[PDB]
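Heads up: the sequence shown is residues 349 to 460, going by the numbering used here.
Worksheet: the structure to be examined is printed underneath.
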Amino acid sequence: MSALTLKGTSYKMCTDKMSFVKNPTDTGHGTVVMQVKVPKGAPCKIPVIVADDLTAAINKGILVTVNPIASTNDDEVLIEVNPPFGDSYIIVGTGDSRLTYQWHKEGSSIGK
């Protein structure tokens, strides 16, 4: 939700081929912890989104740590995210270059 900084407000997009160096994992502390990479051509404030739609038409979840910036185009980094209760797809990137990872939090379609 745009009630906090990094959600649809403004960023210099990454559009070169991103990846997870570590998939998101539910900490039980209210957070989902991942590692991500950018490879070349990309000065960017790395677009971290959370959706129900695989494309970030919805803009559900919050950045728990700082939203980082690729100042070397190969930059890779620790990020934590926070969905609300229930379903999500964590999304890393913009362009065809973006990836996603499915996560459900307790209380909608499953109990954990």
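Even for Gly, the Cβ is constructed at its ideal location relative to N, Cα and C.
query = Does DSSP put residue 362 in a helix, a strand or coil?
reply = Here residue 362 is taken as the residue at index 14 of the sequence shown, counted from 1. In the structure shown, the three-state DSSP call for residue 362 is coil.
So residue 444 packs on residue 386, CB below 8 Å; how close in whole Å?
As a position in the sequence shown, residue 444 is number 96, starting the count at 1. As a position in the sequence shown, residue 386 is number 38, starting the count at 1. Not quite, the Cβ-Cβ distance comes to about 15 Å (not below 8 Å), so this is no contact.
Leaving aside the five residues before and after residue 433 along the sequence, list all residues of the same chain whose C-beta is less than 8 Å from its C-beta, in chain order. Residue numbering aside, residue 433 sits at position 85 when the sequence shown is read from its first letter. These residues qualify, in order along the chain: 453, 454, 455 and 456.
Would you say residue 367 and residue 384 are within 8 Å of each other, going by their C-beta atoms? Locating residue 367 in the sequence shown gives position 19, where the first residue counts as 1. Locating residue 384 in the sequence shown gives position 36, where the first residue counts as 1. Cβ atoms of residue 367 and residue 384: closer than 8 Å.
Between the Cα of residue 360 and the Cα atoms of 450, 459, 419 and 458, which residue gives the shortest distance?
Translated into the one-based positions of the sequence shown, residue 360 becomes position 12. Per the Cα distances, 419.
**Asked** Is residue 442 helix, strand or coil by DSSP?
**Response** Taking the sequence shown and counting its residues from 1, one reaches residue 442 at position 94. If DSSP states are grouped into helix, strand and coil, residue 442 belongs with coil.
field: Segment limits, beta strand (DSSP E) that includes residue 421
entry: Walking along the sequence shown from the start, residue 421 turns up at place 73. In the DSSP assignment, residue 421 falls outside any beta strand (DSSP E) and carries neither an H nor an E.
If you measure between the beta carbons of residue 393 and residue 407, is that distance less than 8 Å?
Numbered from 1 along the sequence shown, position 45 holds the residue referred to as residue 393. Numbered from 1 along the sequence shown, position 59 holds the residue referred to as residue 407. Result no, Cβ atoms of residue 393 and residue 407 do not sit closer than 8 Å.
Between residue 381 and residue 413, what straight-line distance do the alpha-carbon atoms span, to the nearest angstrom? Translated into positions along the sequence shown, residue 381 becomes position 33. Translated into positions along the sequence shown, residue 413 becomes position 65. One Cα belongs to residue 381, the other to residue 413, and the distance between them is close to 10 Å.
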